[PDB]
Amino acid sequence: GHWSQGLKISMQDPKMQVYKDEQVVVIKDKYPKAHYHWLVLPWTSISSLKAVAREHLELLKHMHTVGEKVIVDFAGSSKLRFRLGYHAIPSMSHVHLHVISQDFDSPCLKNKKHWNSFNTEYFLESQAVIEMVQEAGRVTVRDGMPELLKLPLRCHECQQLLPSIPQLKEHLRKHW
């Protein structure tokens, strides 16, 4: 019932399921940080990245392939670039893969923490995580994630530094 269990409730709601198969389910991010923003969750929950082991390798690969399928099935006309990844220190329970388009045009993207959670090392690429599991049997999340969320705003396309969220949103129009 906690706010932090929200993903489990949503993924069980038939009207919220964008796609589902034997292993995973896709829901829209309720507070999307870009035009296209999905979350991929396994039916068998993973508590956290620390609990990930070599036994999850195939599932993590399946979550990745399902994310890419959803892009094709639902975002083909946009021509947007996408990234797939995990937040190093999530707030919502149940490990979930972010699948998010790189326009970052959304009213829900409101503050520096939002921006840096998709545009610093706090965002762990899905491919990088799969390789970590495939090679070490575990996901290593490096120390100091909270500080990355406070970094000054930097455009992800041209690396220009911006002083505020409104000016960043205005700057992003140059990359239409």
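We number the residues from 1 along the sequence you see.
Undergrad: Please work out which of 126-134 and 29-37 has the higher mean CA B-factor as recorded in the PDB entry.
TA: In the deposited entry, the stretch with the higher C-alpha B-factor mean is 126-134.
Undergrad: Given the B-factors recorded for C-alpha atoms, which segment has the greater mean, 70-78 or 102-110?
TA: Of 70-78 and 102-110, the stretch with the higher C-alpha B-factor average is 70-78.
Undergrad: Considering only modelled residues of the same chain, in which third does the CA B-factor of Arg173 rank: lowest, middle or highest?
TA: Within its chain, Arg173 is a lowest-third residue by C-alpha B-factor, going by the deposited values.
Undergrad: If you rank every modelled residue in this chain by C-alpha B factor, which third holds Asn119: lowest, middle or highest?
TA: For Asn119, the deposited C-alpha B-factor lands in the lowest third.
Undergrad: Where does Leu153 sit by CA temperature factor within its chain: lowest, middle or highest third?
TA: As the PDB entry reports it, the C-alpha B-factor of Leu153 lands in the lowest third of its chain.
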